[PDB]
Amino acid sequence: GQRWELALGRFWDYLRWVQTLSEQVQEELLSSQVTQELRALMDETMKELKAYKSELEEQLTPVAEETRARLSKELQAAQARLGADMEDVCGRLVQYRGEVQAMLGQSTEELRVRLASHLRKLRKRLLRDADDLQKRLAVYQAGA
């Protein structure tokens, strides 16, 4: 099932737009609008993913509790790793907003060079934990 993949696709596209640090992105960065819109997207992905795991617990093949429950603890953790990535990205954008206030009108060009470099790394990490969680979810899609 892929309702949570679509909701993550929307998170991921928005963040790809933020990564460009265009005029409008910078505007909405110094206000609380992109961390407010990324929270809403995160929240729909996690909502939809909790409900997909819930419905997959209905179509599980014959695995004994020390293995079927080893697997949900490993899957709740990949859900948790992905949530923690998205929160990390929003905290790095809050940090940028603060660091622009503290410049007191001075050039933020060197600040946007470090942000773009840092955001790319976070987004690299985010994408590999979504891929990992899809794998654990696909092995669980049938049981073990």
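A residue's number is simply how far along the shown sequence it sits, counting from 1.
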**Request:** Between 94-102 and 72-80, name whichever shows the higher mean Cα B factor according to the PDB entry.
**Result:** 72-80
**Message:** Highest mean C-alpha temperature factor of the two stretches 27-35 and 53-61, which is it?
**Reply:** 53-61
**Complete:** Reading the B-factor column for Cα atoms of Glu44, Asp85, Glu110, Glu66, the highest value belongs to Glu66
**Asked** What third of the chain, by the recorded C-alpha B-factor, contains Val139?
**Response** highest
**Asked** What third of the chain, by the recorded C-alpha B-factor, contains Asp13?
**Response** lowest
